[PDB]
Amino acid sequence: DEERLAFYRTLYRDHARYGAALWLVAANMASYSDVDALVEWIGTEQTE
Amino acid sequence: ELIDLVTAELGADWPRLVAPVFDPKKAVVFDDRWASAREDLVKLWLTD
Amino acid sequence: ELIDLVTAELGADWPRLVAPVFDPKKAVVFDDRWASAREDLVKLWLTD
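Chains as they are written, first to last, in PDB author numbering: chain P, 2166 to 2213; chain W, 2021 to 2068; chain U, 2021 to 2068.
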């Protein structure tokens, strides 16, 4: 949401350096469906 | 029968504790450093 | 939705692995020793 989005954005703009990138996803860590979808997302690409 | 089976075995709030959250359209990328670098160059001039 | 939720999280055969078996009408009591004692007295005479 808005609070956490502002938090992670200020975290990046404070502590970032050379070629650093931060990706941010919403995933429940108590669901095997979410763990499988998360590893598929980190695996194959996403082209919208 | 199935829902009070799950209520007796696991818990009453099991589907909301286990419900999937992940969706690949909501991923957020934070890889802008040159722009925040230029703005930080400005506010270094503004600070005394 | 709920059954394939349970299929993705726990397993396909979860209700038959977890299904209740107990029923108090099917309890079996084995407290007869005097009768089997008398029959064993007989078969001690039958054995040589």
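A virtual CB, placed ideally from N, CA and C, is assigned to each residue, including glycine.
Check: is_contact[P/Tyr-2177, chain U] using C-beta, thresh 7 Å; Outcome: no
Check: Neighbour list for P/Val-2204 in chain W, Cβ cutoff strictly below 7 Å; Outcome: Those within 7 Å of P/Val-2204 in chain W number zero; the least Cβ separation is about 11 Å.
Check: Presumed contact (8 Å Cβ cut-off) between W/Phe-2042 and P/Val-2190, rounded CB distance; Outcome: 7 Å
Check: Per DSSP, the bridge partner or partners of W/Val-2049; Outcome: P/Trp-2188
Check: With 16 other Cβ atoms within 10 Å as the buried cut-off, status of W/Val-2026; Outcome: buried
Check: Pick from P/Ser-2196, P/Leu-2203 and P/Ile-2207 that is closest to W/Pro-2035, judged by C-alpha positions; Outcome: P/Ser-2196
Check: Segment contact flag, the region 2046-2066 of chain W with the region 2174-2186 of chain P, C-beta cutoff 8 Å, min 3 pairs; Outcome: yes
Check: P/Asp-2179 - containing alpha helix (DSSP H), residue span; Outcome: 2167-2180
Check: Cα-Cα separation, W/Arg-2053 to W/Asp-2024; Outcome: 53 Å
Check: Residues in the region 2029-2040 of chain U having any Cβ partner in chain P nearer than 8 Å; Outcome: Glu-2029
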